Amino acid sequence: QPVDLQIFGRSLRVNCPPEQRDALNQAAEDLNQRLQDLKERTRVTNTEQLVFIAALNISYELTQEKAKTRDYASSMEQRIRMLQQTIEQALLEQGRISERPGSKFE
C-alpha cells in the first residue's frame, strides 16, 4: 500500500496500511520539525548528515522513554507492596488488640 511522503525536501515512499496512515502523517510531521530544529541549532545544511544525527537523537530518546516506563513500573510495584503492607499491619493490629485477654480481681 505505497504512500508517498515529503520530508525536509525529500520524497519518500513507505508501505503503510490506512489504519496507520494518521500515525505515518504524524511521524512525517515530527521528523520534519526535528530536522528543521536540528538544522537551526547546529547550522549544518547537509541533509544526509542531518537525518543521521536526527535518527541517532531519536533512538536515544526512545531508549530514554523506555527507561521512564521501566522506572514508573518499578516504582508502582513498590507502592503496591507498601499498600499491601499497610493492609497486613491493619489486620495484625486488629488481632493484637481484639485478642487482648480480660482481667478480673476475683
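The first residue of the sequence shown is number 1, and the count goes up from there.
When the C-alpha B-factors of 35 to 43 and 48 to 56 are averaged, 35 to 43 comes out higher.
As listed in the deposited structure, the average C-alpha B-factor of 57 to 65 and of 70 to 78 is greater for 70 to 78.
Compared with the other modelled residues of the chain, the Cα B-factor recorded for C16 ranks in the highest third. When the modelled residues of the chain are ordered by C-alpha B-factor, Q94 sits in the highest third.
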